[PDB]
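In structure tokens, one chain follows: the form deposited in one PDB entry.
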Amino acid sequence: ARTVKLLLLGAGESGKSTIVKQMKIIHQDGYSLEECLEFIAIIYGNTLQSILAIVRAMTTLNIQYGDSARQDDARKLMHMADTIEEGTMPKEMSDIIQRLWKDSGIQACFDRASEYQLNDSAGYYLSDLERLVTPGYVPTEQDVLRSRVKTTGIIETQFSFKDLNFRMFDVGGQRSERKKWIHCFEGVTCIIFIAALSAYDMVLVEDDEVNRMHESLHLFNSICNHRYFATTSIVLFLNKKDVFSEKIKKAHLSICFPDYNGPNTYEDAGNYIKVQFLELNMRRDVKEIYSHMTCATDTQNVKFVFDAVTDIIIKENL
């Protein structure tokens, strides 16, 4: 019936494309077997890049292996890397990664992932390597949802829900991609801005001196107060709440906000972060921004949250 133009915005790796995958699962026909098979190479690539990053970090962070034998494994894994066909995972490689993942040194390095760049799904894939390499492996929906591919251009997702015809557009979030955003700012019905809660102790890939959350805060400030959005519903998704729940117990929020006095807890820290974003809206007197703590990889959560977003879009049309 009514056409709704939705824009998914946010900094690099915040979770935009994952929400898009969820729309296909929830509001379209989901993934076909053939579509799933196409993700094997992507998954094998992600898994390889993750362990490679952790291995590299061993040297970078000067962390020794638990068992010296792992050092040999690490080196031969490195040679295999530039030798194997991309997207593949030979048994010789899997056996090595398997042994490395179990190493205490590797684990200690894994825990220090915020000090270097590591795929969000590194732990997910590596801890489940046996299943992934089992001959005949076919990706599950969660495997597909956890996959990583940096996108840059604009992607349109169209679906019907509650009699509304959605035209959802997502774009890359890196600094280099933002210049072109303005071309998509016309006649927008709703903007979903995605910010990763767990980014508070992370630095940008574009500038290792810039805190990821400070970057998203700056970007949100620009977005929520933009001229083109005065009459558009804005919703904030504070994504990666699952990663955040674990992180908050180890990393102090003060890393990001030196002024924070509250307890480093999920509820407190989460609410404080939420306030930091929402306080940037200088049009609050005329427009309220709704926010949701989300886990883009969780279908039921995304299903729930998107249902609530459509309700807001519908209400705003009253």
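Superpose the two forms; the largest set of C-alphas matching within 1.5 Å is the rigid core. We number the residues from 1 along the sequence you see.
The stretch with the higher mean CA B factor, choosing between 94 to 102 and 224 to 232, is 224 to 232.
For the pair 166 to 174 and 106 to 114, the mean Cα B-factor is higher in 106 to 114. In this structure the maximum Cα B-factor among 47, 264, 276, 281 is found at 264. If you compare the C-alpha temperature factors of 145, 194, 213, 84 in the entry, 84 comes out highest. When all modelled residues of the chain are sorted by CA temperature factor, residue 30 is found within the lowest third.
Placement of the Cα temperature factor of residue 4 within the chain: middle third of the modelled residues, per the deposited record. Among all modelled residues in this chain, the alpha-carbon of residue 77 has a temperature factor (C-alpha) in the highest third.
For residue 53, the recorded CA B-factor ranks within the middle third of the chain. Only modelled residues enter the ranking. In the deposited entry, the Cα temperature factor of residue 246 places it in the highest third of its chain's modelled residues.
Below: the form deposited in another entry, not depicted.
Candidate set 164, 108, 154, 84; criterion, C-alpha shift of 2 Å or more between the shown form and the other one after rigid-core fit; matching residue, 154.
Fitting the two forms on the rigid core leaves the C-alpha of residue 130 displaced by under 2 angstroms between the shown form and the other one.
The two forms, fitted on the rigid core, differ between the shown form and the other one by less than 2 Å at the CA of residue 214.
Residue 99 is not among the residues whose C-alpha shifts by 2 Å or more between the shown form and the other one once the rigid core is aligned; its shift stays under 2 Å.
Whereas the shown form places them at one spacing, the Cα atoms of residue 206 and residue 60 lie at least 3 Å closer in the other form.
Distance between the C-alpha atoms of residue 158 and residue 180: shorter in the other form than here (change of 3 Å or more).
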